[PDB]
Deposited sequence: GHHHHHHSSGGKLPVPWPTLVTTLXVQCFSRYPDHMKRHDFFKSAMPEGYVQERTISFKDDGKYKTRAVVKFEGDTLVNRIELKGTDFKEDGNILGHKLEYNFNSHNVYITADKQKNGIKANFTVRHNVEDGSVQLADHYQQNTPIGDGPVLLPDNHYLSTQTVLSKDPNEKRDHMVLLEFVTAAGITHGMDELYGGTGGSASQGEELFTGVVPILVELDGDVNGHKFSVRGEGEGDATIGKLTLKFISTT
């Protein structure tokens, strides 16, 4: 039942195609341009003074639903560290996700450092290295350097007995002074989302299923995640 890691450490792993790209930046939205066939998103997340997650996800449409299916492997964690010891506050700070084009792989890379507040007032860093490669053969949009700025609130469903996380998130693109891709047009209204994660952290196996919807015109995600362990 209960997740063996804190819910906040899974937020970034658990759909950047729902980011709001302002009109002047629409030519830099790789994520939507790869749809419907989608992209593979891989990360290494290094928790400083602790272990790391390695993740590989496939993000694509299945019919009307945008699906994010992830495999997560965590290693080198400390038994009594902030992660396995459940010492993280149940909140999420604002971050800037710095994106660069990866012209050779026809995709993008991203780098950013998440700050997780610890219950004793210290901070636990989670350094993210990310790469995305399109699955389809069709042309994608390769961006100039820019970033995504995020805001997130975490809450609970008062009638949900399972270990779970209610998440609301807004993300908008910034940093660069009609539709620019056909994939962009798949996001013009509210789009249902399914997330499935299978995880193993230091031998602790768990799974998470999330459902909700995204509204890329406003950069909004509304999702409820449940630990199906």
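Visitor: What portions of the deposited sequence, indexed from 1, have no corresponding C-alpha atom in the structure?
Guide: No C-alpha coordinates exist for 1 to 10, 25, 189 to 199.
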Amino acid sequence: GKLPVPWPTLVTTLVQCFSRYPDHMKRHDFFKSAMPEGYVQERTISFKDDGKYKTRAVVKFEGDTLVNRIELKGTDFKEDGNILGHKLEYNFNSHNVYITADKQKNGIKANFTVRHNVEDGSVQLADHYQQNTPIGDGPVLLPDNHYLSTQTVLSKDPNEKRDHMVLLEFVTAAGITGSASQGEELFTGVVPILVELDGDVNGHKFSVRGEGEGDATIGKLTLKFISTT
From here on, numbers count along this sequence of modelled residues.
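Visitor: If you take the mean CA temperature factor per stretch, which one wins between 182 to 190 and 65 to 73?
Guide: Higher mean C-alpha B-factor: 182 to 190.
Visitor: Look over 104 to 112 and 146 to 154 in the entry and identify the one with the greater average Cα temperature factor.
Guide: Looking at the record's C-alpha B-factors, the answer is 104 to 112.
Visitor: For the chain shown, is the CA B-factor of residue 177 in the lowest, middle or highest third of its modelled residues?
Guide: Its C-alpha B-factor belongs to the highest third of this chain's values.
Visitor: In terms of the chain's CA B-factor thirds, is residue 10 lowest, middle or highest?
Guide: Ranked within chain, residue 10 CA B lands in the lowest tercile.
Visitor: Based on the deposited C-alpha B factors for this chain, I'd like to know if residue 83 is in the lowest, middle or highest third.
Guide: Middle third by C-alpha B-factor.
Visitor: Sort the modelled residues of this chain by their C-alpha B factor and say whether residue 27 lands in the lowest, middle or highest third.
Guide: CA B-factor rank for residue 27: highest third.
Visitor: Grab the CA temperature factor for residue 99 from the record and place it in the lowest, middle or highest third of its chain.
Guide: Ranked within chain, residue 99 CA B lands in the middle tercile.
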